[PDB]
Amino acid sequence: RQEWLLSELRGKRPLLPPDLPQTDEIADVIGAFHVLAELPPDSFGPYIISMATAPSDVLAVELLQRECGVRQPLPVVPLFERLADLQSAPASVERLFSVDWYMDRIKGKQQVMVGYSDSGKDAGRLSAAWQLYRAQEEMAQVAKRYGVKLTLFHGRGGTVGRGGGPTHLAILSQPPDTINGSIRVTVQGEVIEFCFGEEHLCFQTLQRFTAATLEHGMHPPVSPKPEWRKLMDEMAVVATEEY
Amino acid sequence: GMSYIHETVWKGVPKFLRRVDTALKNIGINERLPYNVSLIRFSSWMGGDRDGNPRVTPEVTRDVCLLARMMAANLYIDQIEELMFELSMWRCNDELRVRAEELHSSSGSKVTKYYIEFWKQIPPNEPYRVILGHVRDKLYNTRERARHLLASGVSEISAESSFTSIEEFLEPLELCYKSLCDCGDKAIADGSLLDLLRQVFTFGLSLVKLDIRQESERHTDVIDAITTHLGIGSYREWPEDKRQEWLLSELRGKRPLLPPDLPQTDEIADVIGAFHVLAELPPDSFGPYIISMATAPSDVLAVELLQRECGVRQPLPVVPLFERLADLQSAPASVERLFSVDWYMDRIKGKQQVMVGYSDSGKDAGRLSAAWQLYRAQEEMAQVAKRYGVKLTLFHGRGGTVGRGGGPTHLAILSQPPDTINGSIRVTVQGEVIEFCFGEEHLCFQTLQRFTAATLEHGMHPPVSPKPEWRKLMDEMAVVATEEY
């Protein structure tokens, strides 16, 4: 997949065939790619590939996008949500930084979302929670190694079950040196009423984020002790087992 | 050249046939000639032929081919407008009765005050006037549709609101005929109705089909730039067997070759342009796509590619132009080599056509040599086809003066090898001659008469085949002639 896609991306000759048949599904996706072509570049965020698993997953949207004609190809970002993908994530991320082509189009910046909702679904809460830590822990290191301004998109839910909880507490419970510059966070419907229902609520919400986020940078939390690390890893498998 | 169509040939054709009917009955055949059959058809090169003439840009074709469609639309209206006045019968087909009633409740509008005749809604009491009227209205949008298209960029008038195909225009007409013949009144059907029906088959929706021409070395430029750019060699420097390989792989393929980032050129584009327009306009408004000075079979394929690659619904057929002496000799060669390509031979579907030029042939060699050479050439070519079971039809590039292959029509047909016409032939009416042949009433009637009478006879009573003796002397002389010239 990587081999082919990569060469195809370096080619000059078209691909998407006119006579190509189309499912009620193969259309809903190819059409969407066209709407992005029309609308202005400033009105779009990134293209997030749910259930991201391997480096090809990204390269595929990198292609489909140019093969459907797009001025400013939205940036593509992986959504490692299953425990399996989370563990492998750090690899994927490094691989993508290995492909000269990508590294050049990346321009030094890179984003990657990480789900909490489904993540805690396959594996227990404790396990998922711990895994996510390591996830962003290593990912950062990888990035850092290639000098990439990796920023993480946090798919936090409304309930503790989907990664919910007090803003500051949360941002606090994240590996030191992973936030610093930027951070993205979701506000699941119900939470919007909460976090931005009143004016005093809004002001405080803005207050919370910018504050918490500022501290985590200049006053990072403590890095777990080897002993803690080990015992965590352990309780990790035991928590999924019973799960 | 159009002036003749809507001034003498338009109302001529129908009359010519009426006589072809009277003749048939005089020989026993108590049946008119089916209106679907078309004894004579008119095509044009004005706007399509762009070989060596830069002024015929791809837009020129859109314009001329659009304007011509408006003229047809216009002509037919005068036809229908009156026809309505004639078919005032009420006794109709069980089938027409339905078709009519539906259009009655569907219209419901009658406020068309700007209509000189048949302005308020037509009662279903007059079945045919009902359907005819409908056909007329759709005809107006067809005329206006084109007007706007020509005037501005587009038209408010919808596609479905107008006639886009000949079948769409025949179904209603044909209906009336059947209805009439069925409910008795056949004679009344065989009247103005029969005439209009014939016109539609002869003239269609665009007065005349339009041929297209362009020396192949241009098609080579385009294909070569496409390969160079994509990083796969220079199509130019490719050996004929190589080109046939690549070109055939492509035709078989499914993945697009035409890169959007392709570096255009006034000419590299001027040619792509042409193809695009071919896609825009209807499939019917065109004739064949001729390739000047095209030799090897790769030359016929390179076009088969570009057509589809530049997106063409019903890609028009390709026909070579053998004119220079040399090309006429090695003519049956390239011909056979071309029937040897499975893909081609397969999409061709038996029918094949090649054009033989009469001007340059005797320019480089004698008139005698050339005259004999064109005979031999189209003689053999007729077998290289008969052997592969293909209905090859010849396009004769006959001029005005004998020096360019001209001369009396019946004599010129009679001078053609036996068994090489069989009711299928295309002949050019070079500028000046158009005046000569269709300038007046009787004049036009003679040209049509002459052509069909000759072509008919040349088939059922062929000319003699040259005795071995003659052939030898002829071949020998031809040499002396050319050596003398």
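X-ray crystallography is the method the PDB entry lists for this structure, together with a resolution of 3.00 Å.

Chemist: Looking at this model, I keep getting lost on the overall build of chain A. Mind explaining?
Modeler: The helix and strand inventory of chain A stands at eleven helices and five strands. Taking 2.2 N^0.38 as the reference for a compact globule, 243 residues should give roughly 18 Å; the C-alpha atoms of chain A span a radius of gyration of 20 Å, in line with that estimate. When burial is assessed residue by residue, chain A has 37% of its 243 residues classed as buried. Contacts spanning at least 24 positions in sequence make up 80% of the contacts within chain A whose residues lie at least 6 apart. Of the accessible surface of chain A, which amounts to about 14,000 Å², a share of 58% is contributed by carbon and sulfur atoms. Treating the 24 positive side-chain charges of chain A as one cloud and the 31 negative ones as another, the clouds have centres 7 Å apart.

Chemist: Is there a simple way to explain the sheet that holds strand β2 (residues 76-80) of chain A in this structure?
Modeler: Sheet strands associate in pairs through backbone hydrogen bonding, adopting either a parallel or an antiparallel arrangement. All names here are of chain A. Strand order in the open sheet formed by five strands is β1-β2-β3-β4-β5, and the pairing between neighbours is parallel. The open sheet has two free edges, formed respectively by β1 (47-50) and β5 (184-185), since each of these has just one partner strand. Here two bridges tie strand β4 (residues 149-155) to β5, and the two strands are oriented parallel to one another. Bridge pairing links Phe153 to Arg184 in β5. Contacting β1 and β2, helix α3 (residues 55-66) crosses the sheet at an angle of about 150 degrees to β2.

Chemist: Is there a simple way to think about the sheet that holds strand β7 (residues 425-427) of chain B in this case?
Modeler: Residues and elements named next belong to chain B. Spatial strand order, β1-β2-β3-β4-β5-β6-β7: seven strands in an open sheet with parallel pairing. A single partner strand is all that each edge strand has here, and the edge strands are β1 (43-44) and β7. Pairing of strand β2 (residues 209-213) with strand β3 (residues 286-291) involves three bridges; the strand directions are parallel. In the sheet register, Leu210 faces β3, and the bridge partner there is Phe286.

Chemist: I tried to follow the packing of aromatic side chains on my own but got confused; where do I start?
Modeler: The relative placement of two aromatic rings is captured by the distance of their centres and the angle of their planes. Residue and element names in this part refer to chain B. This model, assessed by the stated rule, comprises 23 aromatic pairs over all chains. A centroid spacing of 5.6 Å and a plane angle of 80 degrees characterise the contact between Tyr35 and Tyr177, whose relative ring orientation is edge-to-face. Pair noted here: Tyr35 is in the loop between α2 (13-25) and β1 and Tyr177 is in helix α6 (residues 166-182), with a separation of 142 residues, a long-range link. Comparing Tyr35 with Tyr177, the two get one shared label, buried. Three or more aromatic residues joined by ring pairs form one cluster here, namely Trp10, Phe42, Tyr76, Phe163, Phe169, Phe203 and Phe438. Sitting over the face of the ring of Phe163, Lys138 holds its NZ or CZ atom 5.8 Å from the ring centroid. Seen from the ring of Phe395, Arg426 lies directly overhead, with NZ or CZ sitting 4.4 Å from the centre.

Chemist: Can you help me understand helix α7 (residues 125-146) of chain A in this one?
Modeler: The periodicity of an α-helix, 3.6 residues per turn, causes residues three or four positions apart to be oriented the same way. Under the 1.5 Å per step criterion, the end-to-end length of α7(A) is 32 Å for 22 residues, consistent within 8% with the ideal 32 Å. Of the residues trailing α7(A), A:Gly147 is marked for its positive phi of about 60 degrees.

Chemist: Any chance you could explain unusual backbone geometry here in plain terms?
Modeler: Among all residues save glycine, negative phi is the norm, and among peptide bonds the norm is trans. Residues and elements named next belong to chain B. In this structure, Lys349 takes a positive phi of about 65 degrees despite not being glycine. Along the polypeptide, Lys349 turns up in the loop between α14 (342-348) and β5 (351-357). In this structure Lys349 comes out as exposed when scored by relative accessible area, which is 70%.

Chemist: Can you help me understand the interface of chain B and chain A in this one?
Modeler: How big an interface is tends to be expressed through the accessible area that disappears when the partners come together. Each partner contributes to the interface: chain B provides eleven residues, whereas chain A provides nine residues. Where chain B abuts chain A, roughly 860 Å² becomes buried across the two surfaces, and 51% of that area is made up of carbon and sulfur atoms. Summed over the shared surface of chain B and chain A, the result is two salt bridges. Ionic pairing is found between B:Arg255 and A:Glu8, a salt bridge with its closest N-O pair at 2.7 Å. Inspection of the region where chain B meets chain A yields four residue pairs in polar contact. Looking at the side of chain B that touches chain A, its residues break down into six nonpolar, one polar and four charged.

What counts and how
- Residues numbered from 1 in each chain as written, not as in the entry; some residues may be left out.
- Chains lettered and ligands numbered in written order.
- Part of a larger assembly, values for the part shown.
- Heavy atoms only, no water.
- Helix = DSSP H or I, 4+ residues; strand = E, 2+ residues; numbered from the N terminus.
- Rg over C-alpha atoms; globule rule 2.2 N^0.38 Å.
- Buried < 20%, exposed > 50% of the residue type's maximum accessible area, 1.4 Å probe, protein only.
- Contact = heavy atoms within 4.5 Å.
- Areas by Shrake-Rupley, 256 points an atom, 1.4 Å probe, with all protein chains shown as cover.
- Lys, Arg positive; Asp, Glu negative; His and termini not counted.
- Charge placed at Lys NZ, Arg CZ, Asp CG, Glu CD.
- Pairing = 2+ DSSP bridges.
- Axes fitted to C-alpha atoms, helices over the stretch in contact; angles between N-to-C directions.
- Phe/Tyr/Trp six-rings, centres within 6.5 Å; stacked < 30°, edge-to-face > 60°.
- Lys NZ or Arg CZ within 6 Å of the ring centre and 35° of its normal.
- Expected span 1.5 Å × (residues − 1).
- Buried area = accessible area lost by both parts, 1.4 Å probe.
- Salt bridge = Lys/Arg side-chain N within 4 Å of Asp/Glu carboxyl O.
- Polar contact = N/O pair within 3.5 Å; in protein donor to acceptor, adjacent residues only side chain to side chain.
- Nonpolar A, V, L, I, M, F, W, Y, C, P; charged D, E, K, R; others polar.

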